[PDB]
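Observations on the model geometry
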Amino acid sequence: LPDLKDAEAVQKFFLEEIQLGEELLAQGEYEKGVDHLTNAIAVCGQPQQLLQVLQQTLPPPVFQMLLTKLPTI
Amino acid sequence: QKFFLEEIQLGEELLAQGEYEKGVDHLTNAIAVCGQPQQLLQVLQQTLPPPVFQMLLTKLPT
Amino acid sequence: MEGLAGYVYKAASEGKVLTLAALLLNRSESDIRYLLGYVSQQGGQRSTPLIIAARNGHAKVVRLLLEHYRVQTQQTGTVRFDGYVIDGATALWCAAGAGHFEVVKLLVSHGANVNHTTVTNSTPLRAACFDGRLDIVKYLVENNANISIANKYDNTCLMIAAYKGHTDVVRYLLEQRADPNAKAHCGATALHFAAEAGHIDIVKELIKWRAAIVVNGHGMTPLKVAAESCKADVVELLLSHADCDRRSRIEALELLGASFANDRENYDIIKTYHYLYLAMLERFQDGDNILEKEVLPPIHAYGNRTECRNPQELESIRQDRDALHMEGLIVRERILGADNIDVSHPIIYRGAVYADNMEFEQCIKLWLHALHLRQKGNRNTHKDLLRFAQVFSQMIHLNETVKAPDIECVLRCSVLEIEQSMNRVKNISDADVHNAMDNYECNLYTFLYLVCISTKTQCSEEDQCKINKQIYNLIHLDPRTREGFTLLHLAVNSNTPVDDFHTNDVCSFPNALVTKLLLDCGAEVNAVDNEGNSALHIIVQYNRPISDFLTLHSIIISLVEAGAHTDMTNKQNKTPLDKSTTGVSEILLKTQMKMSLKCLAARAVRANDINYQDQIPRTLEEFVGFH
Amino acid sequence: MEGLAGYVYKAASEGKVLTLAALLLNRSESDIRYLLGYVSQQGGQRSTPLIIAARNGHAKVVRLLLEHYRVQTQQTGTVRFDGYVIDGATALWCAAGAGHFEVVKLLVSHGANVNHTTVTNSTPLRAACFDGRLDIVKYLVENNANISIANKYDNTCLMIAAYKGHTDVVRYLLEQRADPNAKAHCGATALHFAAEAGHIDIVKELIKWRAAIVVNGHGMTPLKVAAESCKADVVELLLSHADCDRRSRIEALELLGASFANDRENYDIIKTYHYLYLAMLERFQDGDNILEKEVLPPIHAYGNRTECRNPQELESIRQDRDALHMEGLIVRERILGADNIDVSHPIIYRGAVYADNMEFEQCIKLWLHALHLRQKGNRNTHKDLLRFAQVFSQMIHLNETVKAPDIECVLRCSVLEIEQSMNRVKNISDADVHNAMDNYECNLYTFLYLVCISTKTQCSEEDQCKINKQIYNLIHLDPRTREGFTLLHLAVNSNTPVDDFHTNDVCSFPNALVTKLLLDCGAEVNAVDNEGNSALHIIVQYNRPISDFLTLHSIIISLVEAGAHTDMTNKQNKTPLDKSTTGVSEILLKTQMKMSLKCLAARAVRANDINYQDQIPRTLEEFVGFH
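Conventions used here
- Numbers given to residues start from 1 along each chain, in the order its sequence is written, and need not follow the entry; residues that have no coordinates are not shown.
- Chain letters start at A and ligand numbers start at 1, both assigned in the order the entries are written.
- By convention in this description, side-chain values take in all heavy atoms of the structure and omit both hydrogens and water.
- Under the scheme used here, helices are H or I runs from DSSP no shorter than 4 residues and strands are E runs no shorter than 2 residues, and both carry numbers assigned from the N terminus.
- For a compact globule the rule gives 2.2 Å times the number of residues to the power 0.38, and the radius of gyration it is set against comes from C-alpha atoms.
- Contact between two residues is taken to exist if any of their heavy atoms lie within 4.5 Å; hydrogens are not considered.
- Only the protein chains shown count as cover for residues, and all accessible areas are computed by the Shrake-Rupley method using a 1.4 Å probe.
- The charged-residue count follows a simple rule in which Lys and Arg add positive charge and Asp and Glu add negative charge, with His and chain termini not counted at all.
- By convention, the point assigned to a charge is CZ for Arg, NZ for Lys, CD for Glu and CG for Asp.
- Here the quantity called buried area is the accessible surface, traced with a 1.4 Å probe, that two parts lose on coming together, added over both.
- Salt bridge, as applied in this entry: a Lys or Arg side-chain nitrogen positioned within 4 Å of an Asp or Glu carboxyl oxygen.
- The term nonpolar core refers to a set of buried residues drawn from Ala, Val, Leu, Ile, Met, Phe, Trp, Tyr and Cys, joined through side-chain atoms within 4.5 Å.
- Between buried and exposed lies partly exposed: a residue is buried under 20% and exposed over 50% of the maximum accessible area for its type, with that area taken using a 1.4 Å probe on protein chains only.
- UniProt positions are given in the numbering used here, feature names are shortened, and annotations may be inferred rather than shown by experiment.
- Residue ranges for the domains trace back to a domain assignment, done automatically or taken from a database.
- Within the patch definition used here, like charges are joined within 9 Å and nonpolar side chains (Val, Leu, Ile, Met, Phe, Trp, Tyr) within 5 Å, considering only residues with over 30% relative accessible area and no salt bridge.
- Contacts described as polar in this section are N or O atom pairs within 3.5 Å, which, within protein, must combine one atom able to donate a hydrogen with one able to accept it, while residues neighboring in sequence count only if both atoms come from side chains.
- Classification of ring pairs rests on two measures: the distance between centres of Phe, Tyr or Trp rings, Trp counted by its six-membered ring, which must be within 6.5 Å, and the angle between planes, read as stacked under 30 degrees, edge-to-face over 60 and tilted in between.
- The criterion for a charge sitting over a ring is simple: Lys NZ or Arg CZ within 6 Å of the ring centre, and within 35 degrees of the ring normal.
- Angular values range over 0 to 180 degrees, each being the angle between N-to-C directions of two axes fitted as lines to C-alpha atoms, with helices fitted over their stretch in contact.
- Left-handed is the label given to a crossing in which the near helix is rotated counterclockwise from the far helix by less than a right angle, and right-handed is the label when the rotation is clockwise.
- Strand pairing requires that DSSP identify at least two bridges connecting the strands.
- Expected helix span is taken as 1.5 Å per residue step, with the number of steps being one fewer than the number of residues.
- For the purposes of this analysis, a disulfide is any pair of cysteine sulfur atoms at a distance within 2.5 Å.

As summarised from the PDB record, the model derives from cryo-EM at a stated resolution of 4.13 Å.

The subject of this paragraph is the overall build of chain A. Regarding its fold elements, chain A presents four helices and zero strands. Tracing chain A from N to C terminus, the helices and strands come up as α-α-α-α. Compactness check: chain A gives a C-alpha radius of gyration of 12 Å against a globular reference of 11 Å for 73 residues, within 12% of the reference. Dimensions along the principal axes, computed over C-alpha positions, put chain A at roughly 35 × 25 × 20 Å. Residue pairs at least 24 apart in sequence account for 51% of intrachain contacts in chain A once pairs closer than 6 positions are excluded. Element-wise, carbon and sulfur atoms account for 61% of the exposed surface of chain A, whose accessible area totals about 4,700 Å². A distance of 4 Å separates the average location of the 4 positive side-chain charges in chain A from that of its 10 negative side-chain charges.

There are three pairs of chains in contact here; the most contacts are made by chains A and D. When C-alpha atoms are compared, chain A and chain B, though not in contact, are closest at a spacing of 29 Å. Between chain A and chain C there is no contact; the minimum C-alpha to C-alpha separation amounts to 30 Å.

On the side of chain A, 15 residues touch chain D, which itself brings 15 residues to the contact. Both faces considered, chain D and chain A share a buried interface measuring about 1,400 Å² in area, 66% of it formed by carbon and sulfur atoms. On the chain D side of the interface with chain A, the three residues burying the most area are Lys-16, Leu-18 and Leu-25 of chain D, jointly 41% of the side's total. Counting the contacts that link chain D with chain A gives two salt bridges. The salt bridge partner of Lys-16 of chain D is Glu-23 of chain A, with a shortest N-O separation of 3.4 Å.

Most often, soluble globular proteins keep nonpolar side chains buried together rather than apart. By size, the foremost hydrophobic cluster in this structure holds 141 residues, and its most contacted members are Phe-14 of chain A, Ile-539 and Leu-559 of chain C together with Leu-125 of chain D. Sorting elements by how many residues they give to this core places helix α16 (residues 269-283) of chain D first, with eight residues. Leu-559 of chain C has contacts with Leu-488, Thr-515, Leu-519, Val-525, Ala-535, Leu-536, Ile-539 and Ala-564 of chain C, leaving out every residue within four places of it along the chain.

Turning next to the UniProt feature "binding site: Zn(2+) 2" in chain C. Residues and elements named next belong to chain C. Per the UniProt record, "binding site: Zn(2+) 2" is annotated on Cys-186 and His-218. For this annotated set, covering 33 residues, all C-alpha atoms fall within 7.8 Å of each other, a compact arrangement in space. One can find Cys-186 in the loop between α11 (167-175) and α12 (190-197). Aside from chain neighbours lying at most four places away, what touches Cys-186 is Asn-216 and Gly-217. Note that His-218 resides in the loop between α13 (200-208) and α14 (222-228). Take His-218: its relative accessible area is 36%, and that puts it in the partly exposed class. If we ignore the near neighbours within four places in the chain, the residues touching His-218 are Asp-339, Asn-340, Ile-341 and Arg-379.

With that settled, consider the domain arrangement of chain C. By the assigned domains, chain C splits into domain 1 (1-152), domain 2 (245-378) and domain 3 (380-505). The C-alpha-based centres of domain 1 of chain C and domain 2 of chain C are spaced at 51 Å.

A few words now on a nonpolar patch on the surface. On the surface, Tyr-277, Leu-278 and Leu-281 of chain C cluster together into a nonpolar patch covering about 260 Å² of accessible area. Take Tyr-277 of chain C: it is sitting in helix α17 (residues 269-284).

Another point: the interface of chain C and chain B. Of the residues lining the interface, 12 residues belong to chain C; the matching set on chain B comes to 14 residues. Of the roughly 1,200 Å² buried where chain C meets chain B, counting both sides, 74% is carbon and sulfur surface. Linking chain C with chain B are zero salt bridges. Where chain C packs against chain B, one counts one residue pair in polar contact. Within the residue set of the side of chain C that touches chain B, elements represented by two or more residues are α2 (17-25) and α5 (59-68) of chain C. Top contributing element to the side of chain C that touches chain B by residue count: α2 of chain C, with six residues.

In total, this model carries 19 aromatic pairs over all chains according to the counting rule given. Centre to centre, the rings of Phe-81 of chain C and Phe-130 of chain C are 5.6 Å apart; their planes meet at 70°, and the pair counts as edge-to-face. A residue pair is termed long-range when its members are at least 10 positions apart, and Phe-81 of chain C in strand β1 (residues 77-81) and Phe-130 of chain C in helix α8 (residues 124-131) qualify at 49 residues. Taking the relative accessible area as the measure of exposure, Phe-130 of chain C reaches 25% and is therefore partly exposed. Lying over the aromatic face of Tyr-354 of chain C, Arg-350 of chain C brings its terminal NZ or CZ to 5.4 Å of the ring centre. Residue placement shows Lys-105 of chain D over the ring face of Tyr-139 of chain D; its charged tip is 3.6 Å from the ring centre.

Turning next to the packing of helix α30 (residues 549-562) of chain C against helix α31 (residues 583-592) of chain C. Residues and elements named next belong to chain C. Look at α30 against α31: their axes get within 10 Å of each other, and the N-to-C directions meet at 30°. Our pair here, α30 against α31, has a crossing hand that is right-handed. Along its contact with α30, which presents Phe-549, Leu-552, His-553, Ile-556, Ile-557 and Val-560, the element α31 presents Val-584, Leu-588, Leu-589 and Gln-592.

Our next topic: the pairing of β1 of chain C. Regular strands place side chains that alternate from one sheet face to the opposite one. Residues and elements named next belong to chain C. When you tally the buried positions in β1, you get four out of five residues, the bulk of the element. Two strands pair when backbone bridges link them, and β1 and strand β2 (residues 84-89) are joined in this way by five bridges, in the antiparallel orientation. Each bridged residue has a counterpart across the sheet, and for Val-79 the counterpart in β2 is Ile-86. Here β1 hands over to β2 after two residues, with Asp-82 in that stretch at a positive phi of 55°.

All names here are of chain D. Over its 17 residues, helix α20 (residues 360-376) runs 24 Å from end to end, which matches the ideal 24 Å to within 8%, given 1.5 Å per residue. Of all 17 residues in α20, 12 are buried; the element is thus mostly enclosed. Along α20, the residues that are buried comprise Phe-360, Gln-362, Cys-363, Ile-364, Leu-366, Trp-367, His-369, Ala-370, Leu-371, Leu-373, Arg-374 and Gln-375. Against the buried residues of α20 lie α18 (321-336), α19 (344-356), α21 (382-397) and α22 (404-427). Two residues or fewer past α20, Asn-378 is found with a positive phi of approximately 60°.

We now examine the state of the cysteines. All names here are of chain D. Considering all chains together, one arrives at zero disulfides over all chains under this definition. With no disulfide of its own, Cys-129 lies 5.1 Å from the sulfur of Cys-157, the closest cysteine sulfur. Judged by its relative accessible area of 0%, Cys-129 falls in the buried class. You can see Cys-413 has no disulfide; the closest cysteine sulfur is in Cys-409, sitting 4.5 Å from it. Residue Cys-413 is classed as buried on the basis of its relative accessible area, which comes to 8%.

Dropping the structure here:
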């Protein structure tokens, strides 16, 4: 957890976490992938467009379990 | 002919589609075509429940 | 109007009953009941519409038809069931076959016979036990029925309940005073068939109602049948009966270890060594008065090893998995006997396993022994003979020589199997007359493939005479196909089927080598089929003459040199010179067609409408009969 | 931002759509256009992110590029399926080449161009036909795909599909009312390409749909090409369609037998004899009015065997293998003609067999005839010339003489083909200029190998004089290498490559006799290369001096006795003595140096810069530039 780094982890650690999440959901162990997705969403700080974009790059059951695993209100 | 047959077939089909009242009214035109009311009414009672048939029974003489 | 009955069933299969009401609205009651007596030949069944609608289970059709016009439910039809067709069937029997409590409970209330026998004499309780619905069986016993209903093989409803796992059906049947020891035609018993499937709850349910083990048609115990297949859990449960001696528990558990060694469902080598070790441990724990297994020669097909004499022997070969497969088969063959049905099947499976590993030498040895054991039992060996043709074709396609003594052995089997099939054809009236004909055709195709394999492979002087001797024996028997083709006709016709496996790659028809080998072996070249086409007739018509002209030229050269008459017309008076697909066949036949004044004289006899009848000797009558 | 663009391209190419979206957080649209224009020579080839998104096969990536974002599908690309690096390759063309049904479906559905044109003006439909997907072609054609557009060679999509075995694609594309009479400027009539790999079903499909047999520009019927390609079944089908024309089928069978006679793929010599027997029998079938093969001269390469006029001759040569090969070659010459490419290739192969059985006397004549045909047709003969160098090297190695007329004729043809290669080099601007230059290099190497062969024989007087005449003609041509070397430079070099075959036995450059004949034949001895070195400067850069002491003596004394200024002083300010790199070479040069006054004066005034522009004679200016 970078815990609000200024600029480095906002771009680097976010990319690392999002790509680990991508290969985790690709291999079938998508719960850790969703955890990495949430971490990268928090780290980047502008998840607005991704809120739609990452919404349309996954099967609907992944969307359902993600919205259950997204208590970011 | 088949138009009398179609209202019978689609009338009970619409019951399976959920339109029970519309299925009754769709099949009602077939009953008016038939000229044997005494034989036909008793047959309709066994196909579908008589409480549903009683609603269909009112549509023929009215 | 049987077409109306079929459309009634089609509207019954979708459950539309007001459509059937409208059709019956304007029709005589007696006339429409005759119309709904039976459907036409639709879907392999001319059955009653009410029977087949109840078989489809659409109960609303059954209610509306029966309540309006109370037709007899015993109006049977030619009902299909379990792939096959069983006529003489009633409506509630087919309903109990699919399983529909509301159909039968109203049809019995309407009125029927609870014990209407089919052509197999299958009562509705038999179909209810076959499906396993306890509520249906509850309703049949509510109106009472018979439990000793004989099938085509005198089968008990417990046996069918032993095929599946309907323990509630089993316990309710025996609760109604049903004897589980009701022997079938083949010595079958409910203990045997429960051991066949493997429901340990069923077997303990049988002994709870005091079931006793008994031999079968093969003479084996239900414990052996459990060991005949691979269902371990049933064995210890029956060993828990403690009625049988320790000598029986040795061979039974050894066969359990033997069966697990070579089977498709289970290949557990790890438990295989355990069961053999446990059998060995109990064998050698006696000390004084120690018993041991008998001696059996090491059949060369079964490797060259004996079973066991010391505990250290199988303790040492526990890692040798291929040896344990051999050790599994040897003890299985020794104890089960050479006459068992399932003594042969794992050997074919083990041979099949070696086929995938390209160990063809061991595959041939095991399959041949499995072929010989099946042959002694007088079984239908058309399938494994095709396997030999399949595995031989793979050897030729992969450029590996075939040991021609093995070709001689499989041909000697193939020759002898034809003799058995010929006797079966002339003995079977209508039981499997079509199946025997299909067996006869496929075996004749199988013999040709093996002949083609022999031509492709290398053969020495002793090998070639042995192979030709077998062909000599078969061609003297004169096999005759369903359409009447001889062996020579079959090897020439390009329409002769070739198996979809690797036999397509090697043996293709027509084949010059097969045609040449058949003729000089001593085949008759003047053979005429049932249609009238000669051996020359089939070759002259040929789809791809330029494509494989070497085969076409060699066959034509070989056929005419054998002595076929080039004017030997068929039943349609068409010459071998005629019926030519391409002018190539005309040229090849003509360039070898030696002209005789006798055959031109014969041609003038039929062309001039000369009264050959009752004016010429019979020997020349047949000569005219050729033309 | 090359790093960010590389990251985006890697994400698109590897299908990393999630990291692509990660790279798509609130980026500037100008940088998005920069990503769009990131052609950036990845893989040494033209490609945009959308092009590689169609290439790899990730539908989600394509969806993120243009379903939600902005990117154009029309970019300069690269396909390289068969070396076809074609500019202007769009996303649709590559996607149809890769057979991605989902990607192509999305690309068409959103509204991209479906009839895109490239440098080779090939639609995505033709690439789909090259891959052979029924669904892609279906979806393209129903979405307004024009089938009339063909390659730069006017290669119709039907022709490309029929070249492969895509029978479904072919049958659908003709079901889209495409005509098979689309004659390319190459000469193909959409069925020759079907009769290349024996696609029998495609040929049948074209025959069914009005094939309309058309002779190509080479003068060969489709049936003739089918016979030449050694595929019998397509010969059958083409023979069984439209016009039989008995002469045509007779010459077709002759051609088929001839092609089977001398082809490496099919060498069924008995099938050759049988097809030729069919042709002869058809020639002598009708009796009267039989058409006769025309008389051809007995070409000495095939021997004096004047064809096969009568079937008695064919029966006589039935078992004569070499006579059958010669008859096959003669039939190839008569039927296939002596102008097209397809007559050349079999001939060498037959000589190749004579090259392996050490029967060189027929091999040399047969191969020389093949070379003469190739040179008459102005084809590419460098491979055959290298073959002749190899076979002469093997002949000399195995203590066998080489006839002077053969080496003289191959030298003549080598000189003529070197003239043609120089013309191609100086005429072909950019399409195949590098290939022509490499051909020039290989031809120069081969000519020097042949000169070495000519020196290393027991040559005659007048034919060796003819050899010298031809070599003098080639020297008067003044050939130059890519490295600017002359033939003298290569002859004295050790870095001149030697062919990996038996040429290493005799091609041991630098050779004394090769250089001897080269300079005594008359040549520019001071031909300084573009790198600045001379022949003496080449020989002083020689790292194996002692092993060839006599030859090195010979070449130095020859160069000194004929020109070859021993004080060349190349443009790198290095006198040839200072580049000796060996005591032997510098000692020999010093003993072979001569007292030259206005050459040591030239050395004095070279480093000490004295003006020479028109102060000395301009011929002396050329001497100074030589220094």
